[PDB]
Amino acid sequence: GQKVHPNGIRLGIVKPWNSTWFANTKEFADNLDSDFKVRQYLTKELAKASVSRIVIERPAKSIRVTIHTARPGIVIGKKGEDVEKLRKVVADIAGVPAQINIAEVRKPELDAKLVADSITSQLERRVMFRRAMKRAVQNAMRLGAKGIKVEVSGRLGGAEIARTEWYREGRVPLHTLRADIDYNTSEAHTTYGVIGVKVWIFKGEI
Amino acid sequence: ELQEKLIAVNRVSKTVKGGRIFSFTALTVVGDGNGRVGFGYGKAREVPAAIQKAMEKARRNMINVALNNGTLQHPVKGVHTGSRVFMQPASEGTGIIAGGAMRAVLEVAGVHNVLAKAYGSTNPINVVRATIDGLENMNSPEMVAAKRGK
Amino acid sequence: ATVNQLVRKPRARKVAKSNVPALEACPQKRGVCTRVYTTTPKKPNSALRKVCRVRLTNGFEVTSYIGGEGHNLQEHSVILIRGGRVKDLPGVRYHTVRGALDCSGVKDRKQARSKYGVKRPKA
Amino acid sequence: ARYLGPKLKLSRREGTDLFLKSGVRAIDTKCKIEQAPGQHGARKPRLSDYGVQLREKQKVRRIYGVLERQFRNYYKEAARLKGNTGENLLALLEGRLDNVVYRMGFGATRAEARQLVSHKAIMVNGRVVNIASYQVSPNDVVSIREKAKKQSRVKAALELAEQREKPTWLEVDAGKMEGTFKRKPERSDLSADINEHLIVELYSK
RNA sequence: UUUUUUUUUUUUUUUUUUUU
RNA sequence: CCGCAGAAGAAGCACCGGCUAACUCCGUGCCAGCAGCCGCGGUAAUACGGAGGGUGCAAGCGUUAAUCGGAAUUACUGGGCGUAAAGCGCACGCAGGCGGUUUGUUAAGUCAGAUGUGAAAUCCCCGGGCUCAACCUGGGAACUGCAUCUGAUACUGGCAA
RNA sequence: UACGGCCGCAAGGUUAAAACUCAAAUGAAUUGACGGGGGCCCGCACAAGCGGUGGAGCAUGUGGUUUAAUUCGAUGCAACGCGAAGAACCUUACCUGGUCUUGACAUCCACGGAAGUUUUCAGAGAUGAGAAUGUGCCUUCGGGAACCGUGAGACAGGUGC
């Protein structure tokens, strides 16, 4: 009957920021219009390997974008012509330059996000995703974590059918503000309407 | 390469003070391909968790049924309140035509030849709780020899 | 949980309830339409559905419905009888099959195919 | 009587490798298993207990091409037979006149084969017996007739089945096109991938 | 095993599809 | 049967919940209608009533007047009596059912068979003959009892003690 | 339960028959209705008390008056001073008229332009008819900005629960 975030409530406690910047009394408003715009271009340019963390720092309002993506080599491309585009389009909206910093998503198996970017791929085949769903969860937990719960909502059958499915491969203490837990979500579609997935990953006790 | 199946559940959810209260149960069986079969029950907050607590309980050692070789030699008493019950063997070549209301109690070890459907009650909890206690009360081909000599 | 209160109206929506009184032989028949009735004020606003009575040795009087489409269902005719009491109708206990003799019913309604017996349109 | 098709439709709801269409190309290219067969509900179907046997019924009804009439008039006498299901019922479908002719190599499909038989091309020791429920007993012979013997359809069966398994229970001469059943069928090499016993227990629900 | 501080307060329509 | 001549010349019904089975786009306001167990319609009616697609099966499809099905039930052959229904406050004797239990004994019923009946389409099984499924049949068989007798002694009934 | 009588002193006892009909339940075991049970209590519940509200006079929304004609939804524990903490420009319900249906706001190409200060006269307002003064920054004189147009083809919305 609740959905209760472990993250967010805890920015300085094992669970680090999606973004952080210091804009002043009469210089926030444009920074906020740019924090969705810069993330929309990137999270469509980086889709080919996802982005666990789409990190917006702005060291002098110029934007130090740190992209933890599971394939940096495909966004370095054939060696740095994409980087050039990647440092221009997000700087075109913001009116200032853009300190593009790359990284790997170190093992998507154990990750704070990339488990939901298994699952929400599986729907692009349109056939029996049930063969692979709870197997993907299984596989992920075989290289890391100690419990996980999963909730999936949406049009996932035929004609008019709309339900919610819930699974538990291991124990999850829902909120413990000391622990290495995460919450995440992701999305998918199937030509009848939405398919929206949610996770809770109790990876460790502290 | 062990075998795992369910057979029954309760809708168990009721009015109270007060709105509605809900709960979640199972009844399950397990087997080993060398003529071994077993059972038990569970409960949880979640349905596929009431299956796991059951099937971890069904894994207790699994009774070796007297099977020589594709059928069985005696109909053991599955004594219950009015179930009765008695299986009917068949001559080694024709299949497991038994009560699909409980059939997984004999199916999980592979047993090809036995029949009888659920003779006095159409509730699985009744012809289940009866069958497993006849199967533990059985005798080997080697025992019935001693029973009629030495 | 209290049976002489429960039994009436619990949970089902087809239900058994029907009341189908007398027998004497069989319930199907040929039906001399004996006298035609057109009347009796009710909340179901029952126009044109001209019920008739039936001279049958049964112990009490009996009555039967127009079955379906066909205005000239005339009181000298001897069409066929079967059971099925539609909730619309007090007093009645059977409905006709009114297609034989001179009665017609089904004038040109192409959808009847085997349902009442009709030939194909311009196909 | 045998409904006739669309033929490849049957494979997109019954399954893969069907002898219905055994020959050229349309295998894995067009039979639409794993791609998307029942496309509308393919996100999630749900099966049934009668479900899985009723499509294994379907398999046996549509692969060999037979009525529900035959499925009851083979059952009539099967009720006297002494053996198991996959000898009292299944074994007969590989050995009725319209279905043995493909097993020997006189037509390249099972829908072909029945139609060569019904068109007076085939005999059993001198009998034109196109009453195709007629089942060819072991050792008595079965041939294509003289002017149909080396007709285009037989060759394109023979030079395609050449690389394939020639099963042990019957034989043929490929160059004068005649044969028989050499022994009785067995539930251990008959090569239908089906669970045999399950078409007869389906009448128990 | 003394247990009357008044007797009564119309109907409905609540119910988030289903195979497990 | 054998040459020519054309895929020519041959097919549709239930329908479509869920029952063995495939569904939506809408309509009409428990209108009008299915009414079998169900289930449906109370302004978003999956099958009512129009239609569009395809399905079950193919001279066949729905369905009907009923009775048993599944379901176990008037039970010598097959039974529940705390339950539905269910040892009926109560038993003077008159007919009735059960009359102790073993030896010497008998064979009427019990059983085993000899021989007869049930000539011919069985039901149950094999072998054919028409091109053959049918169909048309040949062969083998099994028919509690009844007769008329050779046995065999544990029950049913007795005789003696 | 009676429609023959065996009994009974009548009324009834005892046979448990039947015209016809019509769809499942008794029992366990579990609910717990808001409950002056017994029992454990407890609160301006009630206590002891205190200052009142009330009848006449005012500030004022239902309903209630017919008024030319009237704005929902408000009507006990879960609604009071509506939501309006300004129902005569007023964040427009509604009575009326004036007007429109890309409206008022806002893009993607196409052809073009410097932006504005000031006053006169009409009109209820939206809007209508005149008169003066004005002409910026780069600057490939290319491309245009600050910033106003007219033609397109895509094309805008609201407490509706």
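Residues are listed down the side, and each one gets a yes or a no for (1) crowded, with 18+ Cβ neighbours inside 10 Å; (2) free of Cβ contacts under 8 Å to residues at least 40 places away in the same chain:
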site	(1), (2)
D:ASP98	yes, yes
D:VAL117	yes, yes
D:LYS120	no, yes
D:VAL136	yes, no
D:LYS155	no, yes
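In this structure, is D:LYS44 among the basic types (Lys, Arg) and assigned to a helix (DSSP H, G or I)?
Answer is no for this residue.
Out of everything in region B:42-66 that is among the hydrophobic types (A, V, I, L, M, F, W, C), part of a helix (DSSP H, G or I) and more than 14 Å from chain A (Cβ to nearest Cβ), what residue ends up being nearest to B:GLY134 (Cα to Cα)?
Taking the candidates together, the pick is B:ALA58.
Go over the candidates C:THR34, C:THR2, C:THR39 one by one and state the one that is within 16 Å of RNA strand E (Cβ to nearest atom), away from chain B (no Cβ under 14 Å) and either farther than 16 Å from C:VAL86 by Cα or touching a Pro at 6+ places or on another chain (Cβ under 9 Å) (or both).
Values: C:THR34 fails: within 16 Å of RNA strand E (Cβ to nearest atom); C:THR39 fails: within 16 Å of RNA strand E (Cβ to nearest atom).
Selected residue: C:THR2, the only one of C:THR34, C:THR2, C:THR39 that is within 16 Å of RNA strand E (Cβ to nearest atom), away from chain B (no Cβ under 14 Å) and either farther than 16 Å from C:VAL86 by Cα or touching a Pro at 6+ places or on another chain (Cβ under 9 Å) (or both).
What number goes with the only condition from (1) more than 8 Å from RNA strand F (Cβ to nearest atom); (2) over 30 Å from C:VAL118 (Cα atoms); (3) surrounded by fewer than 10 Cβ atoms within 10 Å (Cβ to Cβ) that C:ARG13 does not pass?
(1)
Matching residues to (1) over 16 Å from B:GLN3 (Cβ atoms); (2) in a helix (DSSP H, G or I):
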residue	(1), (2)
B:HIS74	yes, no
B:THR81	yes, no
B:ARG84	yes, no
B:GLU92	yes, no
B:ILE96	no, no
B:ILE125	yes, yes
B:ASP133	yes, yes
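Would you mind finding the one in C:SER114, C:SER64 that is among the hydroxyl-bearing types (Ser, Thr, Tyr) and either within 16 Å of RNA strand E (Cβ to nearest atom) or free of Cβ contacts under 8 Å to residues at least 12 places away in the same chain (or both)?
Details: C:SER64 fails: either within 16 Å of RNA strand E (Cβ to nearest atom) or free of Cβ contacts under 8 Å to residues at least 12 places away in the same chain (or both).
Every option except C:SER114 fails the conditions.
Could you check, for region C:16-30, whether at least one of its residues is more than 16 Å from RNA strand G (Cβ to nearest atom), within 20 Å of C:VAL97 (Cα to Cα) and either more than 14 Å from chain B (Cβ to nearest Cβ) or of a type in the set (S, T, N, Q) (or both)?
Checking region C:16-30: at least one residue is more than 16 Å from RNA strand G (Cβ to nearest atom), within 20 Å of C:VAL97 (Cα to Cα) and either more than 14 Å from chain B (Cβ to nearest Cβ) or of a type in the set (S, T, N, Q) (or both).
Just to be sure I understand, how many residues within region B:2-41 are within 14 Å of another protein chain (Cβ to nearest Cβ) and more than 15 Å from RNA strand E (Cβ to nearest atom)?
Residues meeting the conditions: 0.
Which of the residues belonging to region B:31-68 are closer than 29 Å to B:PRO89 by Cα and β-branched (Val, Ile, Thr)?
Within region B:31-68, B:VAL37, B:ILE63, B:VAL65 qualify.
C:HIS71 - would you say it is of a type outside the set (A, V, I, L, M, F, W, C), within 15 Å of RNA strand F (Cβ to nearest atom), more than 14 Å from chain D (Cβ to nearest Cβ) and in a loop (DSSP other than H, G, I, E, B)?
yes
Please state which one of B:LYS17, B:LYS53, B:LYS43, B:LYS77 is touching a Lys or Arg at 6+ places or on another chain (Cβ under 9 Å), within 16 Å of RNA strand G (Cβ to nearest atom) and basic (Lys, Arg).
After ruling out the rest, the residue left standing is B:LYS43.
So which residues in region D:54-110 are of a type outside the set (A, V, I, L, M), near RNA strand F (Cβ under 10 Å from one of its atoms) and within 14 Å of chain B (Cβ to nearest Cβ), if there are any at all?
D:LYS82
Mind listing whichever residues of region B:84-115 are within 11 Å of chain D (Cβ to nearest Cβ) and under 13 Å from the mean Cα position of the chain (by Cα)?
Correct list: B:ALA98, B:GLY99, B:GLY100, B:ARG103.
Just one of (1) within 14 Å of chain D (Cβ to nearest Cβ); (2) within 16 Å of RNA strand G (Cβ to nearest atom) trips up A:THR190, so point out which.
Only one criterion in (1) within 14 Å of chain D (Cβ to nearest Cβ); (2) within 16 Å of RNA strand G (Cβ to nearest atom) is unmet by A:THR190, namely (2).
Surrounded by fewer than 17 Cβ atoms within 10 Å (Cβ to Cβ), under 19 Å from the mean Cα position of the chain (by Cα) and not assigned by CATH to the domain that holds A:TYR167 - does that describe any residue in region A:117-129?
no
Being surrounded by 12 or more Cβ atoms within 10 Å (Cβ to Cβ) and more than 16 Å from RNA strand G (Cβ to nearest atom) is the requirement here; does C:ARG82 meet it?
no
Say we look at region A:125-147 and pick out the residues that are free of Cβ contacts under 8 Å to residues at least 24 places away in the same chain and of a type in the set (D, E, K, R); which of these is nearest to the other protein chains (Cβ to nearest Cβ)?
It comes out as A:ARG130.
Could you please give the count of residues in region D:26-60 that are at positive phi and surrounded by 14 or more Cβ atoms within 10 Å (Cβ to Cβ)?
Total meeting the criteria: 2.
Just give me the residues in region C:74-85 being farther than 17 Å from C:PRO21 by Cβ and part of a loop (DSSP other than H, G, I, E, B), in sequence order.
C:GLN74, C:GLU75, C:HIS76, C:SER77, C:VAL78, C:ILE79
For region D:26-41, how many residues are part of a loop (DSSP other than H, G, I, E, B) and without any contact (Cβ under 8 Å) to a residue 24 or more places away in the chain?
Count: 7.
Which residue is farthest from RNA strand E (Cβ to nearest atom), if the candidates are limited to region A:159-182 and must be surrounded by 16 or more Cβ atoms within 10 Å (Cβ to Cβ) and assigned to a loop (DSSP other than H, G, I, E, B)?
Selected residue: A:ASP180.
Of all residues in region D:1-25, which are surrounded by 14 or more Cβ atoms within 10 Å (Cβ to Cβ), outside any loop (DSSP other than H, G, I, E, B) and away from every other protein chain (no Cβ under 14 Å)?
Across region D:1-25, the qualifying residues are D:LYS7, D:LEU8, D:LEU10, D:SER11, D:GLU14, D:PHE19, D:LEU20, D:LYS21.
Mind checking which residues of region D:172-205 are within 14 Å of another protein chain (Cβ to nearest Cβ), buried (at least 17 other Cβ atoms within 10 Å of the Cβ) and under 17 Å from the mean Cα position of the chain (by Cα)?
D:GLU196, D:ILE199
Considering only region C:11-31, how many residues are in a loop (DSSP other than H, G, I, E, B) and more than 16 Å from RNA strand E (Cβ to nearest atom)?
The total comes to 14.
Confirm whether C:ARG55 is more than 10 Å from RNA strand F (Cβ to nearest atom), among the basic types (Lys, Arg) and outside any helix (DSSP H, G or I).
For C:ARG55, the condition - more than 10 Å from RNA strand F (Cβ to nearest atom), among the basic types (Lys, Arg) and outside any helix (DSSP H, G or I) - is met.
Mind listing just one residue for me: the one in region A:148-158 that is under 19 Å from the mean Cα position of the chain (by Cα) and surrounded by fewer than 18 Cβ atoms within 10 Å (Cβ to Cβ) and, of those, farthest from the other protein chains (Cβ to nearest Cβ)?
The extreme case among them is A:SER153.
The values are calculated or read from the model by the stated rules, or taken from the named source; no laboratory read-out is quoted. Neighbour counts are summed over all protein chains in view; Cβ atoms, including those assigned to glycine, are modelled from backbone coordinates with ideal geometry.
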